[PDB]
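There is one chain below, alone, in structure tokens, taken in the form deposited in one PDB entry.
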């Protein structure tokens, strides 16, 4: 199990400690690649198996613009220093919340009649980016298990990249025991995960993008969700969301796993909306605009 290229320890310069989705805490650094010094992040992995397992999965990732790519690795004093892409703009949840200009800078907001520094086109492109990345991953048998805005990074040129550390690979995976608010009914009931359940999570993630980082089911407790979701209860349509975007969300939450669209179909739907001049996710103030709640007591 070897991840290339092989990086030389003395070419690595550590600059800070940061978080990067499911990679957890990583070292912001500068490495040498193809003769050039570049930004990167480094995930330190203790080799002392549980290690060999997550390394075999990481080697099956391959490359894709919408995932966090592996840049190389360096073995040093018993630990594997895995270099990965650095995301200059942090995670998507934080990015979405920092765009609520009506709260961060109301003057600019009023002056520009806007509720966000992000346009409807940009928000849908984020959704498209994740769907494109998940199509790539699921096609290769990957099962994410924790798909949500917090696990999506906004990288170079604002391209959304899926955090891909510790993923599963296969037809289905059972994980005993939690991101209850993103979990599909079958996961809540039997702790099983499939690409079909990843699609349910994607629906909630799309809901996060549309609501500009709002907390899913803000107000309801985890206990309430286990009870109501199986009865047919579903997240409500954000007030700035077009009917077509919400219906896409609803398709992702159908009770029958096999009836949910595939990530490829989701991307087709997203691209059709992006091609038209019509606004699908409103960010214009007009005469009234409401920011979705953020219950930090659930985070």
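Take the two forms, superpose them, and find the largest set of C-alpha atoms that agree within 1.5 Å; that set is the rigid core. Residue numbers count along the first chain shown, from 1.
There is also a form deposited with a small molecule bound; it is not shown, and the following applies to it.
My question is simply whether residue 153 lines the interface with the small molecule in the deposited bound form - judged by any non-hydrogen atom within 4.5 Å. Taking the distances in the deposited bound form, the answer for residue 153 is yes, it comes within 4.5 Å of the small molecule.
Would residue 236 show up as a contact with the small molecule in the deposited bound form if we use heavy atoms at 4.5 Å? Although the small molecule is absent here, residue 236 would stay clear of it in the deposited bound form, with no heavy atoms inside 4.5 Å.
For residue 171, is any heavy atom within 4.5 Å of the small molecule in the deposited bound form, or not? Yes, contact at 4.5 Å.
Any non-hydrogen atom of residue 61 within 4.5 angstroms of the small molecule in the deposited bound form: So residue 61 counts as contacting the small molecule.
By the heavy atom within 4.5 Å rule, which residue out of 198, 208, 129, 164 makes contact with the small molecule in the deposited bound form? Partner contact (heavy atom, 4.5 Å) among the options: 164.
State the residue from 245, 67, 31, 252 whose non-hydrogen atoms include one within 4.5 Å of the small molecule in the deposited bound form. Residue within 4.5 Å of the partner: 67.
Can you say which of 181-189, 223-231, 80-88, 99-107 gets within 4.5 Å of the small molecule in the deposited bound form, counting heavy atoms only? Result for this chain: 80-88.
Quick one: lay the two forms over each other on the core and tell me which of 164, 208, 198, 129 moves its CA by at least 2 angstroms between the shown form and the other one. C-alpha shift of at least 2 Å: 164.
Residue 287: Cα shift of 2 Å or greater between the shown form and the other one (core-aligned): It does, since the residue 287 C-alpha is displaced 2 Å or more between the shown form and the other one after the core fit.
Taking the rigid core as the frame, does residue 15 move its C-alpha by 2 Å or more between the shown form and the other one? It does not reach a 2 Å shift.
After fitting the rigid core, is the C-alpha of residue 58 off by 2 Å or more between the shown form and the other one? Passes the 2 Å threshold, so yes.
Using the form shown as baseline, tell whether residue 67 and residue 22 are closer or farther in Cα-Cα distance in the deposited bound form, where the change reaches 3 Å or more. Here the pair is closer than in the deposited bound form; there, farther apart.
Given that the distance between the C-alpha atoms of residue 21 and residue 198 changes by 3 Å or more in the deposited bound form, do they end up closer or farther than here? Relative to the shown form, the pair is farther apart.
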